[PDB]
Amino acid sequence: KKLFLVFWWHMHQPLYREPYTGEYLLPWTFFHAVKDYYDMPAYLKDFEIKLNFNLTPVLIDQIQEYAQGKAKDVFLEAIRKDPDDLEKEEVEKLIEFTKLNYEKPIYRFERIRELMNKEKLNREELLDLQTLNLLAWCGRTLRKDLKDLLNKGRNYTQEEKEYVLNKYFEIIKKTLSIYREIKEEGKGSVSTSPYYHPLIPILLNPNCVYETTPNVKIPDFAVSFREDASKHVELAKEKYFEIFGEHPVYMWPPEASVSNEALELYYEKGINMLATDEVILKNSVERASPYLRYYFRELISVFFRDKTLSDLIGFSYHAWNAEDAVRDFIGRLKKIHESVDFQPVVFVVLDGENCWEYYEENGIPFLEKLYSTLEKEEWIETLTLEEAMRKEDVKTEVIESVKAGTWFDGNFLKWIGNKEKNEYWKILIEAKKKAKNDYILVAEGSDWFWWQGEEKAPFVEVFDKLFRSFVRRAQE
């Protein structure tokens, strides 16, 4: 009797490329590429387990632009320059960026503490500020290769900074290749999402928000987004085809969002399996275990992720010591294993790049211990998405209807329903009336609405600038 374990790491960035200047207005794609997008599948070189990945098409587009040397990244330019060449505005961006990231464990360099304590920085001090911002995002592979420079922690030269930059771009250039390789070697499956990561159930039918939040106020959806919902899925299939040579059969629905209409669309588009969230399952059927493979109307296969295990990694374990965290997680798996006669399928699905910066040492002690432990547990079998989809010795059940929702509380309130988020939908609705090109699809991405009308929102003015630029470009 085995427990089947399925990791599915979701990787995504909205488009930071301003359409009129071509400049990347935030560096987050660059920094998550050098820290997470190569290194997460690269664990499979060292550990004999299966790990699965979702890559959104808009993320793939940007990785390609960086790897080709075409990304005009404004924050990265302030890092690369000799400090004597920095504009006053660029120094201010560097300090601002440091300040935002300052409390993250990956920024735990004594020299950063000293630099942010100085009234003004000379050329040598700015060289350190630039280089330590780069090194803070060093991924697992180069933390071993560049170990000597990392332990330096201060006194960086322009030549050392440029050397680190060159190694980082090497990592980016190898990123799509590592995904093809782990896919071809059978170490993992690779999925994609509708192209710009939109909320497909809202595009198909805005009134689906009233399935879970009857009191929410939404704007007048005076235009149809149904054809755009189809286009997101179709263009995603073409982009995945271009990278991997075949059409995708697995998709990750953005925000785990599903509805009856969305499931039908994925089915009509040839998708064979997706996953969603445990809260959706609980809202949709009275009694339902998440350890079964489900069949929606006998049209498409659905797994419901284990929300507890997924949230422990994604939100809890950064606050734990690495060994205790792994012991806790293995112990929960043991309880699941002992709780049923059949062989359960346990889906662990979460963002693949966002939690690690809050762990000690970028989550590397945690993940190395977790994977090293999992690979020697004889009663656990990690599975690719393809293996999970075809596994015969598993329990299954047919479901006829789901209640629309997302993995955030089972509902859509993080993207619609307050004044500021509703203003964005009205802008999109009015723009959709006059849209002339596919930049209207870019503005349909979920990220723009997520940051609107929120308290934190680092660089929300940049996201607002991007959203409104795409909305303006779509009408020309």
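In this text, residue numbers run from 1 along the sequence as written.
Asker: Comparing 65-73 with 49-57, which stretch shows the greater average C-alpha B-factor in the deposited entry?
Answerer: The stretch with the larger mean CA B-factor is 65-73.
Asker: When the Cα temperature factors in the entry are averaged, is it 142-150 or 252-260 that ends up higher?
Answerer: The stretch with the larger average C-alpha B-factor is 142-150.
Asker: Using the temperature factors in the entry, find which of 9, 20, 24, 467 has the highest value at its Cα atom.
Answerer: That would be 20, according to the entry.
Asker: Between 351, 381, 324, 277, which one tops the list for C-alpha B-factor in the PDB entry?
Answerer: Reading the PDB entry, the winner on C-alpha B-factor is 324.
Asker: Please place residue 35 in the lowest, middle or highest third of its chain by C-alpha B factor as given in the entry.
Answerer: Lowest third of the chain for residue 35's C-alpha B-factor.
Asker: Compare the C-alpha B factor of residue 436 with those of the other modelled residues in its chain, then answer lowest, middle or highest third.
Answerer: Highest third, going by the recorded CA B-factors of the chain.
Asker: Considering every modelled residue of the chain and its Cα B-factor in the PDB entry, is residue 192 in the lowest, middle or highest third?
Answerer: Residue 192: CA B-factor falls in the lowest third of its chain.
Asker: Against its chain's modelled residues, does residue 214's Cα B factor rank lowest, middle or highest third?
Answerer: It falls in the top third of the chain.
Asker: Ranked by Cα temperature factor within the chain, is residue 308 in the lowest third, the middle third or the highest third?
Answerer: Within its chain, residue 308 is a middle-third residue by C-alpha B-factor, going by the deposited values.
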